[PDB]
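S.K.: Please read through the structure below; I'll follow up with questions.
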Amino acid sequence: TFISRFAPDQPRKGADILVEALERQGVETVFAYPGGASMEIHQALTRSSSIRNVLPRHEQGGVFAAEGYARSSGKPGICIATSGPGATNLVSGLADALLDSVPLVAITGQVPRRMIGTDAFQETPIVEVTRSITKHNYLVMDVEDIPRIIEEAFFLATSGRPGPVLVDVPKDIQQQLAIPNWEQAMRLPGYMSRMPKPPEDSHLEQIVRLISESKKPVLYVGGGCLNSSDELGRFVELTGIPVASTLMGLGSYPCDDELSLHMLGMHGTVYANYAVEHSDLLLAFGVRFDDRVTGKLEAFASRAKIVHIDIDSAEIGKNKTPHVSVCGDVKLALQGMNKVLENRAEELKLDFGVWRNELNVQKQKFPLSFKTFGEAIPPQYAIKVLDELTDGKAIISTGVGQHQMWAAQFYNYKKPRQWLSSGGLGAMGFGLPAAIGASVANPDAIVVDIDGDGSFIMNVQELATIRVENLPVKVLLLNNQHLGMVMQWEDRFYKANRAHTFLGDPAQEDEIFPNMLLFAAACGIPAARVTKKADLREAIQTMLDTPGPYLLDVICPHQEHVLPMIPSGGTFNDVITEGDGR
Amino acid sequence: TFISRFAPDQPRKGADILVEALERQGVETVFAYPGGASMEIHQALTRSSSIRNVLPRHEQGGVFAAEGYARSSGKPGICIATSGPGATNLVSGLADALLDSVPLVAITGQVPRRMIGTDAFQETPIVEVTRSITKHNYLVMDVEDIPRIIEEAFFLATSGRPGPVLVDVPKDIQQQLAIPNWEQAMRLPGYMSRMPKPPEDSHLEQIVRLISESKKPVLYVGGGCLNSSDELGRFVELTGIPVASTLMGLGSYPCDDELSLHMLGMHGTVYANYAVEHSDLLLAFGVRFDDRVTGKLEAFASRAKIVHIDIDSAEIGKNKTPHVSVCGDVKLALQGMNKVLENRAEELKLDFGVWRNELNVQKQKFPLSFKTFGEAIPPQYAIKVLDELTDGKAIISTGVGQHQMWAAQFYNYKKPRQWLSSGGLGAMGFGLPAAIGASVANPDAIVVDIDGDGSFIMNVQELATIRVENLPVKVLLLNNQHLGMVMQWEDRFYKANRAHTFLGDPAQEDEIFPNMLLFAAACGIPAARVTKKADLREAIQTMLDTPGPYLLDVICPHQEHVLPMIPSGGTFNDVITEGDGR
Amino acid sequence: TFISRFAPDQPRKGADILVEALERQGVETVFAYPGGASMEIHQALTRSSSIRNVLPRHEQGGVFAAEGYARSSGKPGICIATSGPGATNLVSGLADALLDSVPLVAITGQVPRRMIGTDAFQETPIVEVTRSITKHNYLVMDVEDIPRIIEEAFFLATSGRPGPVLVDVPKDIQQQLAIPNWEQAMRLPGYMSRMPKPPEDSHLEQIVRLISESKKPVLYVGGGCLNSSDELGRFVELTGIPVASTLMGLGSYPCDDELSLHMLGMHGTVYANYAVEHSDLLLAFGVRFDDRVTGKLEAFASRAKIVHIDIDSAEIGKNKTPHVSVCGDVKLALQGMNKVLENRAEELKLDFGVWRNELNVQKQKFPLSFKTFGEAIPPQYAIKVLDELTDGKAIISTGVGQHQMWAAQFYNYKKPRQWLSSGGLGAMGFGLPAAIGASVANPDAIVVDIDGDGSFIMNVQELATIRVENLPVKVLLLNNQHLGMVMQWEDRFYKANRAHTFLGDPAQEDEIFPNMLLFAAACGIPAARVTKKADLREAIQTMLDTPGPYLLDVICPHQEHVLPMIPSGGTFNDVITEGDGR
Ligand SMILES: Cc1cc2nc3c(=O)[nH]c(=O)nc-3n(C[C@H](O)[C@H](O)[C@H](O)COP(=O)(O)OP(=O)(O)OC[C@H]3O[C@@H](n4cnc5c(N)ncnc54)[C@H](O)[C@@H]3O)c2cc1C
Ligand SMILES: Cc1cc2nc3c(=O)[nH]c(=O)nc-3n(C[C@H](O)[C@H](O)[C@H](O)COP(=O)(O)OP(=O)(O)OC[C@H]3O[C@@H](n4cnc5c(N)ncnc54)[C@H](O)[C@@H]3O)c2cc1C
Ligand SMILES: Cc1cc2nc3c(=O)[nH]c(=O)nc-3n(C[C@H](O)[C@H](O)[C@H](O)COP(=O)(O)OP(=O)(O)OC[C@H]3O[C@@H](n4cnc5c(N)ncnc54)[C@H](O)[C@@H]3O)c2cc1C
Ligand SMILES: CC1=C(CCOP(=O)(O)OP(=O)(O)O)S/C(=C(\C)O)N1Cc1cnc(C)nc1N
Ligand SMILES: CC1=C(CCOP(=O)(O)OP(=O)(O)O)S/C(=C(\C)O)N1Cc1cnc(C)nc1N
Ligand SMILES: CC1=C(CCOP(=O)(O)OP(=O)(O)O)S/C(=C(\C)O)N1Cc1cnc(C)nc1N
Ligand SMILES: [Mg+2]
Ligand SMILES: [Mg+2]
Ligand SMILES: [Mg+2]
C-alpha cells in the first residue's frame, strides 16, 4: 500500500505526478542533470524523500551510471536530462543499453507542446532520433497520460528482453495541474500477446533426449542467464556438460570451476572454441550468436546439433539456423529440465568424462598465458592480483579495448551482475560512470573500474561526481599510453603503421601523458602510480584498504597483445596464439 | 590542376579515394578518432601530405572542434569517427551545427554492407539516427559513388543555408580497390532548382522606398550576415539606421560603434529591444525570429512594417508574418540596395537623427551595468579587461550559461567569425573544443575560451589535445561553483530552491571544487587562479603574454544575475532590469 | 442540445460511440462499403435514424462520392470502408482530396489491436500507407479516444486548409463496451497555435495602395475563394480589376461576366494568360501557383508586382516569390479591403478602363473557338447547349481529359461549388461517383456528369448505385472512342504515333465500343445516343426533362484538340492556337 505526499483529490503538477509515478515503481535512485526544460522535474525530485539524485558532470556519464546501476542489480536504471543538448548526450548510453539488453528508463525534458516542430530553442526530435536505438519511446501529449506511460515504460524496459525506454516530457505538461489516475490499464495489447509463455514439457524432454544421445555436448551460455545462476549450476551437476560463456554472460557459471571453459569467441580461450568446433550438441542458452563469437557462421559448430533457447523469437534462426528451439525464459527452461534430469537419472547414462578429458587436454595444452618482461608490469598479472586480493568478490566495470579483454580473462567472476562491460556497442568511457552507478546500487560492495587511459579520460569529469557523492570507487587504470586495441590491429594487419593511436605527448615520449594522478588530485581523490611488478601487490592492496575513492595508475608496456585472437570473419583454424609488437 | 598520389589508371582502396576526394575539396585539417570500422581511412590519412589530423580525446570534442574550425573561417569543418559508439558521440555536434547553420561534413565508419541490419558488433543505424538533425546524410553502397557523394556532401554543407552533412562508409567499401571518376555530375536536380537566384531590382527598390517612408527604422541583423560585413557597414553609412544584432550575428556590425544597439532579445540590451518595440520599419536581415529574441510574437515589432531577407524560403513567414520578403543571399541584396542608395542619395532625405537620439536617450538611461562587491571579481568586469588587453581582436569561444551571455555583452567584437558560441542548441562543453578548432584554422590569432566551470569540465579531456597539438589556446574560466543559468531561474521563478545546481563539494563548501588548476597541470598546461579584482588585470595579462596554452581560473560570486532579462514568452514591458540572488 | 439514443450512464459499443460521434458532427450521409472489420460500424449505422448510408459498388466510388458530396456543399464528406482491400481502394480518393484541398473524413476498419503487425488476414498498415496522402490520420488504440479523435478529425479536415483525414478503427475497439465522454478537449496545441488570425489593417491598406499605384492589375482567383463569392464580386465592383480564374476556382466570379477573363493557364484562354503576362500587379487570391498555370516560373508574371493571400503559410513563396503576402482567410482579407475601398473611393482614382479595353481587344482577337465539321457533333458545342438548356445552374462533375477542359471552357458557372473536377491529382473515374455524392447533397439540383468514355468506364459500376438510390444523375458522355488527352500529346509531340489510346474494338473500327447504352440498360437507366448535331439540342433536352437517371451517349470526332495549349514548362510566347489531328 503506497503512501502519497498528496491528497487523492488534490491537484498536482505534472512533474509531481511524474516523480510519484517513479516512487510507485520502487525507484530509489536517479541520475539527473538539470536544464530549462526539466527544471520542474528537478524541483519535484527535491520534494521526494525516497528518490535520491546523483548529479553527473555529463549526461553521458549520467546514462552510463544508470547502466552500471542496472547491470549490477537487475533493477532498471533511471537517468533524466533536459531537452536538446542534454538529450543528445544520452544517445550513446541508449544505444549501448539496447545492444546489451539492459533495463533502462530515460526521461528527457522537452519544449512546450505548442512549440514542437518549429526548430525552437534547445529543440531536438529526440523521439525521432532515438527510435532505432531504444526498445520503445514516448512523447507525452497530455498530463493525464503520465501515470500510464511511466508504467508502460518500466514494464517494457524490464519485461521480456530488457532494453532502454525513453519518455519525452514537454515543459507545459510538467507545469499543468491535474489529478492522477494510478489504476488505468496499460495500452500494450500486441506486446503482451506475443510474450512467451512457460515452456512445454514437450520441447524440454526432447532436449534432455538429445543430451543422452550426444556424448560431446557444450553449454553456450550468455547474458540471458544472468538471472539463472542457481538453475544453471544445478543443470551442470545433473549433466556434467562443460560451460562456454560469452563476454555478456560471465559469472553465470563460476569461472574458477573445473567444468568451466571460460570465454569463447574472438578473444575467447582456445579450449572453449575447440569445444564448440568439435561438439555434436550445442546448448545455446541466452545468447544471440554474435559475429564476435561465431566469425564465419558456416564453420561455427558445423558438426553440432544446435539447441537454442531465447526469450526473443527474432533471435531464433537469425544468424545460425538451429535444430531445436525453445522461445521463453531460460530460467524456467532450466527448472523444467532440472526436474526431469533428477527424476530420470537412472535411465540416462549421462557421463561425458571422455569428452571432458579431451577438452581438459586442450585446457592444459593451450592455456591462457602472458610474458613477464623484467620488472615491467604485465596487465594480465595486475588483474590476477586484484582477483586474489578481492577474493573474486569485487564488482568490475571496464572500458573498451585490450584492458577490457584481460579483465574478462584473468578475473574469475563467481556470480553474475559482477561483470559490467559494454559488449554490443562497445563504448569507451563506460567504465568510470558504470562504477559510479554500481557503487550506489551496491554500497557495501568492492567496486573497481579496470579502465584504459583512452577510455578513462573520455568521461574523466565523473571523478568529481565520485568525490561529491562520497563513493568508494576504485580505479585500476592500466596505462599503456596508447589506444591499444586499435594499435594491435595495426601490428597484425597494417604493418604496425601508427595511425593516431599514441595518447601521450609527442614532445616527451617516455613521460606518461597525461598525468592521471593530477586528475584525481583535482577532484580530491587519493592516487598513486606503480611501474615495477614488485610494488604492484602492495599498491593494489593500498587501493583496496584506503577508504573511499582511489586511483591506481598502473604502467604497462604497450607492445602487449590480447591472445588468443581470431580475425574478423574467420574460423577456428585461423586462431592466432603467439606474437606481439616487439 | 590537382596532383594525385595515384596514377589515373591505377586501382586504389576506397579509403584512398575518400581521402583524395577531401584533398580535391581543399581540406587541410580533419578531426578524426580511430576505430575498427574506420582504420582504413586513418591509414589513408597518413598517406596524405596535405591533410592534417587533430586527434581529440572524445568524438564530441572532435565534432565541436570541427565547428569552431568552421565558425572561425567560413570553411567547412570535417570530423571523422568510427561506427557505433564513435558515431553516436557526434550526435550533439551534428544537431548543434544544424540549428546554428554551420557548414560541417562528418564521416563515420560502418560495418560491411553484408552486415547492415543484423544488429552487428558496433552497429548503429547512424543515418536513421541523424536524419532529423542533419541537413542531409548518405550511406555509401558502392565504392564508385565515393567521389560523387563527397562532392555532393561538401556542396550541400556549404551552399544555400549551411548545415551538417554525414557520410556513412561501410568497411568493405574502404577496402575495395577501384579507379575513381572525378568528373561525374552531382545528383541534386531538385535542390539546385530551388536555389535562390540573385534578387531582382524590383524587390530591392521597394525596400529602399520603405526606408524613406519610415523615420524610425531598425536593423535586425543575424548569423546570415557573417559574410556581409563590408556590405552591411556600407549600407549603414548610406542609411544611418541603428543596428540590433543577435547572439549568432555578433561582429557583423562593430559593437563599439555609435550606431550599434548591440544585442537584442531575452538577454539583449534594453535600448535594442526598445528600438524594435517602437520601430515602424524592421529590416530583418539574416535572422530566423527565434523565441529567445521575440518572446511573444504578437507583441514583437507590433507597429513595425517588417522586411525579411533570408536564403531559406522556409524561414520566411515561419513565426512572424512579414510585409516584404526577399529570398536570397543578403550579401547580394545589400550590394543591390547599396548601389541604389548612393545613386539616389539626393531624392532620398534619409535622416533618422531624431529617432537615433530617441534611442541614444535609452542608451544612456538604461545601459549595461554590473556591481562590484568589495574585492570580489565581477565576471562582467573580467571580460571587459580581456577586451582591453586584446584590443577586441581575440577570437572568443564560450560554453553555455551566464558566462556565455556576459561574454557576448561585455566584449566588443569588431569583425564576424570572432564570436563562436552555441546558440540554437546551446550545448555545454562547446567552448574548449571549439577553441581548439579555431586555433588550428587561425594559428596566429589570439584564441580565448570564456568558459563556465560546468561547461568546461564536460569536455575537459580535450586539454590533452591542446598540449599535444601545441595550440596557444587561452582559457578564461569564470568559476561560480554553480550551474549559474539554472540557478538564476531558480532565484527568479522557484524561490531560490536549489535543485542540483551546486558543482562544488558539499563537504567543504568554501573550497573551490574541483581544482581546475590541477586539470591543466595534468595535461602540462600552465595555470593560475585569481580571486581579488586588483590582481585580475595582471593575471589576464600573464595568460595572454605566456606562450602556448594557459588556464586562468577566475573566481566569481555566484549570486550574480544576467541582466536584463525577459521571461520566456513575454513582451518588452516584462523586462527585468534589477536584482540578483543576495 | 443533442439527443442521444443512449443513457448518459449506459455502456455502449465503441461502434455506437463512433456513429453518435458522427451524429454530433451533424453528419447526415455516409458512403460505406461493408466488410468483416467494419461490420460493427454498419450495424450501428442501422441503429441511427439520422445518418443515411449510400452503398457504392466500389470503395473508390465511395470516396469519390464523398468528394462530390463535399465539393458541392462545403460540408465534409464521409466514407467508410473495411480493412485491407477496402482501405486500399480509398487511396486514390484520399490523394485526390489532398491535392484539391477537399474536406473529407475516411473511416477504415482494422484487425484487433492484438493482431497489428503480424501480417494478419486482410491487414494493411493503412496509416503508414496514407500518411503522405492525407492531411492527418489516426490509429485508435482505445475506445475512450473515439469521441476526441473524431472531433479532431472533423476539425482538421474542415478548418485551415481543408483536407482528407483517415481514422483507422480496430475491430475489438468497436465491440468494447464503454461510456463516452463528449466534453474532452482536443489535443491539437501546435496546430491551433499556427492557425492564421484575422488580417491586420496594416497589410490590407498596403495592397489597396498598390492597386492605385498600378494601372494594369489582374485578379488571380483560385479554389481558396470558393467561400468568398459575395466578397470577391464586391471587391471587383470597387476596383474594376479583370478576373482570371483557375480550374479549381471556377464559379467564384461569374464566367459570363464582362470583367471575366475566364480560365488562365495551360489550357486557359489567350486573353487571360496575356493579362497575367503583361500585368504590373498580380492579385493572387486563394491559389498555389501550379505548374499547369505558370509553366516556367521565371516568365510567369515577370513584370508584375505579386500579391499573394493564402491560409497556408507553406504555399507563400513556394514556387513564385511574392512582394506582399497575407497569411489568412481570403474571405476576411476581402471584407477588410472592401470596407477600405468604399470609405476611400474619393482619394483613389481607380479606373483601369484603358487596361480593360486592352484586354478586351485580345478577348475579341483571340477568343475561344471550335470548328463544326458537317453534321459531326463538336464536343464544345454540346456543352454550350447544356449551358443554355440548364441556364448555367446545373452542377457539373467531370472525368479527366479533353472533355474535362471543354466542360470548364464552354460552361459559364455562375456560382462556386457547381464545378466538381479533379485538378491536383487529375484522377479519371471521378465524374460519375462525384455526381452521385453531389446529387445526395443537393437533391433538387440539376446534376450532370460530363464524362469521357475512358473515365466513365473506370467506375461504371456506380450506375447500379444511381438506380438503387434513385438519384436524378444525368450523364453527358462525350464519346471519342479514345483516351483523347493522351492522343492529343501524341499528335503534338510524338508524330501522331498511337500508343494504346484507342478504346474501341480493333475488329470493328467504326462501331462504337463499348456500347455504353447497354451499360445503362443493365442498371435500368434510360439512355440514348446522338451522332448528328441537328438532333443534339432535342437529345440533351430529353435527358434533362426525363425524370431520374439518364445517359446521353454523344458521339464526337476524335481528331479534336483542346485549344489553346502551352507545352509543359513553357511561356506565353509558346501558346498553340491552331491545329488538330486531321
Ligand atoms: C573489444 C570487444 C571484443 C569482444 N569479443 C568478444 C569475444 O571474444 N567473445 C564473446 O563472447 N563476446 C565478445 N564481445 C562482445 C560481443 O560483441 C557481444 O557483446 C557478445 O558476444 C554477446 O553476448 P551474448 O549474446 O551472450 O549476450 P547478450 O548480447 O546480452 O544477448 C542476450 C540474449 O539472451 C536473450 N535473453 C535475455 N534474457 C533472457 C531470458 N531471461 N531467458 C531467455 N533468453 C534471454 C536475449 O533475447 C538475447 O538474445 C566483444 C566486445 C568487445 C567490445
Ligand atoms: C542561454 C542562451 C540565451 C540566448 N538568448 C538570446 C538573446 O537574448 N538574443 C539573441 O539574439 N539570441 C539568444 N540566444 C540564441 C538564440 O537561441 C538563437 O541562436 C539566435 O536567436 C538565432 O540567431 P539568428 O537567427 O540571428 O542566426 P541564425 O540562427 O544562424 O539564423 C541564420 C538565418 O539567416 C539565414 N541565412 C544564412 N545565411 C544567409 C545568407 N548568406 N543570406 C541570407 N540569409 C542567410 C538562414 O537561412 C537563417 O534563417 C540565446 C542562446 C542561449 C544558449
Ligand atoms: C488535364 C488537366 C489540365 C489542367 N490544366 C489547368 C489549366 O490550364 N489552368 C488551371 O488553372 N488549372 C489546370 N489544371 C488543374 C491544376 O493542376 C490545379 O488543380 C490548379 O491549377 C490549382 O488550382 P488552385 O491553386 O487555384 O486551387 P487549389 O489547388 O484548390 O489551391 C487552393 C489554395 O488556396 C488556399 N486556400 C484555401 N482556402 C483558403 C481560404 N479560405 N483563404 C485563403 N486561402 C485559402 C489553399 O491553401 C491553397 O493554397 C489542370 C488539371 C488537369 C487534370
Ligand atoms: C579507440 C578504440 C579502442 C582503444 C581504447 O583505448 P584504451 O586505452 O582505453 O584501451 P586499451 O589501450 O587497453 O586497449 S578500442 C575500440 C574498439 C574495440 O572499437 N575503439 C573505438 C572506439 C572509439 N570511441 C568510442 C567511444 N568507443 C570505441 N570502442
Ligand atoms: C546546466 C545548464 C547551464 C549551466 C551551465 O553551467 P556553467 O557553469 O558552465 O555556466 P554558468 O554558471 O556561467 O551559467 S546552462 C543551460 C541552459 C541555458 O539550457 N543548461 C542545460 C544544459 C545541460 N547540458 C548541456 C550539454 N547543455 C545545456 N545547455
Ligand atoms: C488516360 C488519361 C487521359 C485520357 C482520358 O480518356 P477520356 O476518354 O476519359 O477523356 P478524353 O478522351 O475526353 O480526353 S487523361 C490523363 C491525364 C490528363 O493524365 N490520363 C492518365 C490517367 C490514367 N489513369 C487515371 C485513373 N487517371 C488519369 N488522369
Ligand atoms: Mg590505452
Ligand atoms: Mg558555473
Ligand atoms: Mg475518350
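Simple scheme: letters A, B, ... for chains in C-alpha cells order, numbers from 1 for residues in each chain, numbers from 1 for ligands in the order shown.
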Identify every residue of chain A that has at least one atom within 8 Å of any atom of chain C, counting only C-alpha atoms, and report the result as a list in words.
M.R.: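 Per the criterion, chain A yields residues 113, 114, 115, 116, 141, 142, 187, 189, 190, 191 and 193 of chain A.
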S.K.: Keeping only C-alpha atoms, write the selected residues to a file as a CSV table (one decimal), in the first residue's frame.
M.R.:
chain,number,residue,atom,x,y,z
A,113,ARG,CA,3.7,21.2,-27.0
A,114,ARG,CA,2.9,24.4,-28.8
A,115,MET,CA,6.5,24.7,-30.0
A,116,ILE,CA,7.2,21.2,-31.2
A,141,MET,CA,0.9,14.9,-25.2
A,142,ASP,CA,-1.2,15.1,-22.1
A,187,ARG,CA,-2.2,0.0,-23.7
A,189,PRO,CA,-2.2,-5.5,-26.3
A,190,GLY,CA,0.1,-6.6,-29.0
A,191,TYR,CA,3.2,-6.8,-26.9
A,193,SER,CA,0.0,-11.3,-26.6
S.K.: Would you pick out the contacts of residue 467 of chain A at 12 Å or less, using only C-alpha atoms, so that residues sharing its chain but fewer than 2 positions from it are not included, and give the list as a PyMOL selection string?
M.R.: (chain A and resi 54-57+436+461-465+469-474+520-526+547-551) or (chain B and resi 503-508+513-514)
S.K.: For those residues, write N, CA, C and O atoms to a file as a compact mmCIF listing (two decimals), in the first residue's frame.
M.R.:
# COMPACT_ATOMS: atom_id res chain seq x y z
N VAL A 54 21.71 11.41 -8.08
CA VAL A 54 23.14 11.55 -8.27
C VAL A 54 23.39 12.45 -9.47
O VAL A 54 23.01 12.12 -10.59
N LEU A 55 24.02 13.60 -9.22
CA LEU A 55 24.29 14.56 -10.28
C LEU A 55 25.60 14.26 -10.99
O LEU A 55 26.68 14.39 -10.40
N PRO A 56 25.53 13.87 -12.27
CA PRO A 56 26.74 13.66 -13.07
C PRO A 56 27.32 14.99 -13.53
O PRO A 56 26.70 16.03 -13.29
N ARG A 57 28.48 14.96 -14.16
CA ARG A 57 29.06 16.17 -14.72
C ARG A 57 28.91 16.14 -16.24
O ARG A 57 29.41 17.02 -16.95
N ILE A 436 30.26 4.13 -10.85
CA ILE A 436 29.52 5.06 -10.01
C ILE A 436 28.12 4.52 -9.69
O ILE A 436 27.71 4.48 -8.53
N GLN A 461 35.54 13.50 -16.18
CA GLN A 461 34.86 14.52 -15.39
C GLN A 461 34.02 13.93 -14.26
O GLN A 461 33.68 14.63 -13.30
N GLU A 462 33.70 12.65 -14.37
CA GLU A 462 32.85 12.00 -13.38
C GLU A 462 33.62 11.67 -12.10
O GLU A 462 33.04 11.15 -11.15
N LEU A 463 34.91 11.98 -12.09
CA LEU A 463 35.72 11.86 -10.88
C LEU A 463 35.21 12.82 -9.81
O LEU A 463 35.26 12.53 -8.62
N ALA A 464 34.72 13.97 -10.26
CA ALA A 464 34.13 14.96 -9.37
C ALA A 464 32.86 14.40 -8.74
O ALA A 464 32.58 14.63 -7.56
N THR A 465 32.10 13.66 -9.54
CA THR A 465 30.87 13.02 -9.06
C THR A 465 31.17 12.02 -7.95
O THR A 465 30.47 11.98 -6.94
N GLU A 469 29.75 12.58 -4.20
CA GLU A 469 28.81 11.58 -3.72
C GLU A 469 29.45 10.61 -2.72
O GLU A 469 28.79 9.70 -2.22
N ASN A 470 30.73 10.82 -2.45
CA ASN A 470 31.49 10.01 -1.49
C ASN A 470 31.38 8.51 -1.75
O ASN A 470 31.03 7.73 -0.86
N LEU A 471 31.68 8.10 -2.98
CA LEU A 471 31.57 6.70 -3.37
C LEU A 471 32.94 6.02 -3.36
O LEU A 471 33.90 6.55 -3.90
N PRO A 472 33.01 4.83 -2.74
CA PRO A 472 34.27 4.08 -2.62
C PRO A 472 34.71 3.42 -3.93
O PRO A 472 35.10 2.26 -3.92
N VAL A 473 34.65 4.17 -5.02
CA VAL A 473 35.02 3.65 -6.33
C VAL A 473 36.53 3.52 -6.48
O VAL A 473 37.26 4.50 -6.31
N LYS A 474 36.99 2.31 -6.78
CA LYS A 474 38.40 2.07 -7.04
C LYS A 474 38.66 2.10 -8.54
O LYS A 474 37.89 1.55 -9.31
N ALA A 520 42.96 13.00 -10.50
CA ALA A 520 42.38 12.55 -9.24
C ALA A 520 42.55 13.60 -8.15
O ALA A 520 41.65 13.84 -7.36
N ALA A 521 43.73 14.22 -8.13
CA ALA A 521 44.03 15.25 -7.15
C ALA A 521 43.12 16.46 -7.34
O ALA A 521 42.75 17.13 -6.37
N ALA A 522 42.77 16.73 -8.59
CA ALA A 522 41.88 17.84 -8.92
C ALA A 522 40.50 17.64 -8.30
O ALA A 522 39.80 18.60 -7.99
N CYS A 523 40.12 16.38 -8.12
CA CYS A 523 38.83 16.05 -7.54
C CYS A 523 38.97 15.50 -6.12
O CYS A 523 38.08 14.82 -5.62
N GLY A 524 40.09 15.81 -5.48
CA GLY A 524 40.33 15.42 -4.10
C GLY A 524 40.33 13.92 -3.88
O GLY A 524 39.95 13.44 -2.81
N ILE A 525 40.76 13.17 -4.90
CA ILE A 525 40.83 11.72 -4.80
C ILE A 525 42.27 11.24 -4.66
O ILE A 525 43.11 11.55 -5.51
N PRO A 526 42.56 10.50 -3.59
CA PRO A 526 43.91 9.95 -3.37
C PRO A 526 44.31 9.00 -4.49
O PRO A 526 43.51 8.17 -4.91
N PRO A 547 40.11 3.80 2.48
CA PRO A 547 38.68 4.10 2.42
C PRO A 547 38.34 5.14 1.36
O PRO A 547 39.15 6.03 1.09
N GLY A 548 37.16 5.02 0.76
CA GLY A 548 36.71 5.97 -0.24
C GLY A 548 37.32 5.73 -1.61
O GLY A 548 37.86 4.65 -1.88
N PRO A 549 37.24 6.74 -2.49
CA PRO A 549 37.75 6.67 -3.87
C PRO A 549 39.27 6.53 -3.92
O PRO A 549 39.96 7.06 -3.05
N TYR A 550 39.77 5.83 -4.93
CA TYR A 550 41.21 5.67 -5.11
C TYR A 550 41.55 5.39 -6.56
O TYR A 550 40.87 4.62 -7.24
N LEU A 551 42.62 6.02 -7.04
CA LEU A 551 43.09 5.80 -8.40
C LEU A 551 44.50 5.21 -8.40
O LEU A 551 45.44 5.82 -7.90
N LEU B 503 28.07 22.87 -7.88
CA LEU B 503 29.05 21.99 -8.52
C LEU B 503 30.23 21.64 -7.62
O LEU B 503 31.06 20.81 -7.97
N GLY B 504 30.31 22.29 -6.46
CA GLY B 504 31.42 22.07 -5.55
C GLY B 504 31.23 20.85 -4.66
O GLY B 504 30.35 20.02 -4.91
N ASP B 505 32.05 20.74 -3.62
CA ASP B 505 31.98 19.62 -2.69
C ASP B 505 31.19 19.99 -1.44
O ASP B 505 31.60 20.86 -0.67
N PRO B 506 30.04 19.33 -1.24
CA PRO B 506 29.17 19.52 -0.06
C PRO B 506 29.82 19.14 1.27
O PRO B 506 29.13 19.11 2.29
N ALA B 507 31.12 18.86 1.27
CA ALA B 507 31.84 18.55 2.50
C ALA B 507 32.78 19.69 2.88
O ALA B 507 33.24 19.78 4.02
N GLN B 508 33.05 20.55 1.91
CA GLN B 508 33.92 21.71 2.10
C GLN B 508 33.44 22.84 1.18
O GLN B 508 33.94 22.99 0.07
N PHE B 513 35.85 23.64 -5.81
CA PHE B 513 35.86 22.26 -6.28
C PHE B 513 35.16 22.11 -7.62
O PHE B 513 34.06 22.64 -7.81
N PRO B 514 35.78 21.40 -8.57
CA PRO B 514 37.12 20.80 -8.43
C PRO B 514 38.24 21.80 -8.64
O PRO B 514 38.00 22.92 -9.11
S.K.: Please list as a list in words every residue within 9 Å of segment 380-382 of chain A, counting only C-alpha atoms and excluding residues in the same chain fewer than 6 positions away.
M.R.: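 My reading of the contact set: residues 369, 370, 372, 403, 406, 407, 409, 410, 476, 478, 533, 536, 537, 540 and 554 of chain A.
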S.K.: Let's have the selection written as a short mmCIF file (atom, residue, chain, number, x, y, z; two decimals), in the first residue's frame, with N, CA, C and O atoms.
M.R.:
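Resulting contents of out-v5.cif:
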data_model
loop_
_atom_site.label_atom_id
_atom_site.label_comp_id
_atom_site.auth_asym_id
_atom_site.auth_seq_id
_atom_site.Cartn_x
_atom_site.Cartn_y
_atom_site.Cartn_z
N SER A 369 47.94 -17.42 -21.25
CA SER A 369 49.31 -17.13 -20.87
C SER A 369 49.69 -15.67 -21.08
O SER A 369 49.02 -14.93 -21.79
N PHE A 370 50.79 -15.27 -20.44
CA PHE A 370 51.34 -13.93 -20.60
C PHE A 370 52.83 -13.95 -20.25
O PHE A 370 53.27 -14.78 -19.46
N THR A 372 56.34 -12.04 -18.75
CA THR A 372 56.77 -11.02 -17.80
C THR A 372 58.15 -10.51 -18.19
O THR A 372 59.15 -11.23 -18.05
N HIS A 403 42.47 -3.78 -22.25
CA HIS A 403 42.24 -3.92 -20.82
C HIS A 403 40.90 -4.59 -20.53
O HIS A 403 40.75 -5.30 -19.53
N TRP A 406 41.41 -8.48 -21.04
CA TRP A 406 42.23 -9.04 -19.97
C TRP A 406 41.46 -9.08 -18.65
O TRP A 406 41.65 -10.00 -17.85
N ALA A 407 40.61 -8.09 -18.43
CA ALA A 407 39.79 -8.05 -17.22
C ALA A 407 38.74 -9.15 -17.24
O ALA A 407 38.25 -9.58 -16.20
N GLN A 409 39.36 -12.06 -18.92
CA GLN A 409 40.11 -13.31 -19.00
C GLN A 409 40.73 -13.70 -17.66
O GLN A 409 40.69 -14.87 -17.26
N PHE A 410 41.32 -12.73 -16.98
CA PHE A 410 42.14 -13.01 -15.80
C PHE A 410 41.47 -12.60 -14.50
O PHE A 410 42.15 -12.30 -13.51
N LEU A 476 41.38 0.93 -11.17
CA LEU A 476 42.59 0.24 -11.59
C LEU A 476 42.89 0.61 -13.04
O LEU A 476 42.44 -0.06 -13.97
N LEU A 478 44.92 0.74 -16.23
CA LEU A 478 46.00 0.09 -16.97
C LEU A 478 46.50 1.02 -18.07
O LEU A 478 45.88 1.14 -19.13
N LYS A 533 56.79 -4.39 -11.15
CA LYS A 533 55.93 -5.51 -10.78
C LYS A 533 56.01 -5.87 -9.30
O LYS A 533 55.06 -6.38 -8.72
N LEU A 536 53.65 -3.86 -7.20
CA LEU A 536 52.27 -3.97 -7.68
C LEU A 536 51.31 -4.55 -6.64
O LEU A 536 50.19 -4.08 -6.50
N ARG A 537 51.76 -5.58 -5.93
CA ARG A 537 50.91 -6.26 -4.95
C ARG A 537 50.52 -5.33 -3.81
O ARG A 537 49.35 -5.25 -3.44
N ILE A 540 48.11 -2.28 -5.08
CA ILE A 540 46.70 -2.65 -5.23
C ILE A 540 46.06 -2.83 -3.85
O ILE A 540 44.90 -2.47 -3.65
N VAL A 554 48.47 2.13 -13.14
CA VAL A 554 49.36 1.01 -13.43
C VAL A 554 49.99 1.14 -14.81
O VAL A 554 49.29 1.09 -15.83
#
S.K.: Compute the set of protein, DNA and RNA residues whose minimum atom distance to ligand 5 is at most 6 Å, using only C-alpha atoms and all ligand atoms, and state it as a list in words.
M.R.: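 After applying the 6 Å limit, what remains is residues 34, 35, 36, 85 and 86 of chain A; 400, 401, 402, 403, 426, 427, 428, 452, 453, 454, 455, 480, 482, 483, 484, 485 and 486 of chain B.
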S.K.: Hey, can you check how far atom 35 (C, counted along the ligand's line) of ligand 3 sits from atom CA of residue 287 of chain C?
M.R.: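 Computed distance, atom 35 (C, counted along the ligand's line) of ligand 3 to atom CA of residue 287 of chain C, equals 5.5 Å.
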S.K.: Could you please write out, as a ChimeraX atom specification, every residue of segment 29-99 of chain A that DSSP assigns to strand (DSSP E)?
M.R.: /A:29-32,52-53,77-81
